[PDB]
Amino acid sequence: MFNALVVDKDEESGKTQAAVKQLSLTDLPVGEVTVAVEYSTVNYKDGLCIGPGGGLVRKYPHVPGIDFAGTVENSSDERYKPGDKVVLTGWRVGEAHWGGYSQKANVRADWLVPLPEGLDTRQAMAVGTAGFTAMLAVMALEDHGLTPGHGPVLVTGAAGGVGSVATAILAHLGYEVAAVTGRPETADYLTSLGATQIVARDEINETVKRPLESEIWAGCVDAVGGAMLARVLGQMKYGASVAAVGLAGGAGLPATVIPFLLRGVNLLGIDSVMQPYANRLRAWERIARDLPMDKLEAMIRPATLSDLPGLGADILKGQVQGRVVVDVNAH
């Protein structure tokens, strides 16, 4: 038997409760590949799935965890064999299927990628869906012409996961990064990741009447969404793009079309969950080359399975800095 975080739901009271429980291999959903999980992480979406559900969890009891990395234990698919090091992010794992908050997980072979060279399984989860998506966002901006030397690139919710990794990647690629944070005490941390400007949240997180403000930003990786995204759109330089990643400041987008029509601004939707295998490989290879591992290390907050209920609540309140690494085998 082995340990896993299991969320139960009482339909009478609606109450969800997460707790570490002991499971057997026959408790997992049937799957092509059984992975001995070494690490997982805590993404914003994991906080939803650990706690209230956010409408993302269709079946209880539920083992959350949209990410894991580990070593293949058994496989009926010729792409993977015992001993292979593999990485899972997304594919609705941790939402519609039991996930990485477990010492063992069963998955479709289509859902895995090989552990990218340059990362161990710990670092792969230090990156996580959050860091993987920051890379996708940077790639989207590059695809639309972003190059260094043309003004600051805005990173919103910068003290969090997506924001920390995007800051580190963009700084390493030679960009001037303006980091937006509601936690001013993280400035030194953000500067150590490579940020060149620190922007207070309350300077940019409300809409204004004017549909256009001055052109400031050469591009943006947005983990916040909401009214902040609406405001940022009116501050983009001509032809610049926003990579839309997050909704931590709200799902509503109270925008105007004026920045798009008058300045050729783009709003580029970034979905990590259903990325094709080939682009997953591409983004992970970019991560191994362009995310300095010493910068990644500075983001890591260690945790165990027993820490997940509290960390899930913390991340939804915006109180997790950097990137949690869950050692599902600790002790």
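In this text, residue numbers run from 1 along the sequence as written.
K.L.:
Please compare 293-301 with 37-45 and name the stretch with the higher mean C-alpha B-factor in the deposited structure.
P.N.:
Of 37-45 and 293-301, the stretch with the higher C-alpha B-factor average is 293-301.
K.L.:
Name the higher of the two by mean Cα B-factor in the PDB entry, 103-111 versus 131-139.
P.N.:
Result of the comparison: 103-111.
K.L.:
Out of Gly269, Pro64, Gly70, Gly54, which shows the largest CA B-factor listed in the entry?
P.N.:
Comparing C-alpha B-factors across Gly269, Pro64, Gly70, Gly54, the maximum falls on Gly54.
K.L.:
Just the C-alpha B-factor column, please: which of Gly94, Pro152, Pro184, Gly160 has the biggest number?
P.N.:
Answer for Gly94, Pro152, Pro184, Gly160: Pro184, with the highest C-alpha B-factor.
K.L.:
Give the position of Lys21 by CA B-factor within its chain, expressed as the lowest, middle or highest third.
P.N.:
CA B-factor rank for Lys21: middle third.
K.L.:
C-alpha B factor of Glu203, ranked within the chain: lowest, middle or highest third?
P.N.:
It falls in the top third of the chain.
K.L.:
By the recorded C-alpha temperature factor, relative to the other modelled residues in its chain, which third is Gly312 in?
P.N.:
Its C-alpha B-factor belongs to the middle third of this chain's values.
K.L.:
Would you please rank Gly219 by its C-alpha temperature factor against the other modelled residues of its chain and give the third it falls in: lowest, middle or highest?
P.N.:
Its C-alpha B-factor belongs to the lowest third of this chain's values.
K.L.:
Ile287: which third of its chain by C-alpha temperature factor?
P.N.:
According to the entry, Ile287 has a C-alpha B-factor in the chain's middle third.
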